[PDB]
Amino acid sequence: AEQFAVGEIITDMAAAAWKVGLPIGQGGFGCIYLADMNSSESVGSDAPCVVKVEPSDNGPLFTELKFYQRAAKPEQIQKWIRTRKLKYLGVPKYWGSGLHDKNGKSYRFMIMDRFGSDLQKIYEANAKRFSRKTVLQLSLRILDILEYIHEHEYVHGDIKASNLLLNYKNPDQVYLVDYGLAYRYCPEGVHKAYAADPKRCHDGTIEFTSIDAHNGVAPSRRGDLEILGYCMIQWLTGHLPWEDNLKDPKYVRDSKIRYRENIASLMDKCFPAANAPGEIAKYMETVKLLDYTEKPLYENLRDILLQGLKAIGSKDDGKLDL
């Protein structure tokens, strides 16, 4: 066994006891096991949690842990859900963390909410397409998530279908994961300058990353919204104009800078035969008007997408249609 014996009892820093289960998949998310509260019974497939574990010196886990401790406390999320009158919030809940010894070496572990399949698998099973309803419903919930993490001094910088996981018991609830390279843009309310972060480089995923990230500057709120824009196009059409040139970041940036200058040209490239949904253009055009340090007007962005739902004879009923 690499880290935890199936059935082992671990106690976190607040003295809460958990039992370890089987590893969850083999994905490039690190070492993850199913977990539950300590009891006589074994941890089965009905496990509500997971234990993510990495060595103490691992920088990304610590950064990820700090974000979870700061912005993902269960009560902190519920207070936001009640005040903003949301059905749920797609920020995974943090249940505790601790240190674990294995063969004289120290490891830090974190207990989190458990999820089922990622969006990418569902997307690939649907022949690399998502309906206008699915895309607009996903996007409204990601705007809820982004407003929350932005209001908590963080930017994600890597929004994509493989970082969007679905609730293990509820298929209409999507969660944004992976904060290993999340960035604290305005610590103690002081916005970061328009320059690189000296400690780490937040490149993201080449196809979806923002122009700011391509320019080698620290990610900001506008960049998270821009990444979401490229996701929406990729989900509706299965393509992006720069998809055959990923090994060249100069090309990807060049293409993005040109397309930001003329959004009608992007709509023309991505949508065949002048069939482009108006709310995508109105959204790209609103994000375009944002300054590096500017607070986005989220409700206005959600209203642009709500107009898109009315155009297809629908309402925000929270149905993902997966």
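Sequential numbering from 1, following the sequence displayed. By rigid core we mean the largest C-alpha set that fits within 1.5 Å across both forms.
After superposition on the rigid core, the larger root-mean-square Cα deviation in 7 other deposited structures of this protein belongs to 201 to 209, not to the other of 201 to 209 and 116 to 124. With 66 to 74 and 41 to 49 as candidates, the stretch whose CA atoms show the greater average offset from this form in 7 other deposited structures of this protein after a core fit is 41 to 49. Coordinates for residue 23 are present in every one of the other compared entries of this protein that model residues on both sides of it, well short of the third needed to count it as often missing. Here 193 to 201 and 125 to 133 are compared by their mean Cα B-factor, and 193 to 201 comes out higher.
Per the PDB record, of the two stretches 170 to 178 and 226 to 234, 170 to 178 carries the greater mean B-factor over its C-alpha atoms. Set against one another, the Cα B-factors of 64, 41, 294, 36 in the record reach their highest point at 41.
Sort the chain's modelled residues by C-alpha temperature factor and residue 216 lands in the middle third, per the entry. Annotation for residue 51: CA B-factor lies in the lowest third of the chain's modelled residues. Looking at the C-alpha B-factors along this chain, the one for residue 249 belongs to the middle third.
Residue 163 sits in the lowest third of its chain by CA B factor, as recorded in the PDB entry. Sort the chain's modelled residues by C-alpha temperature factor and residue 16 lands in the lowest third, per the entry.
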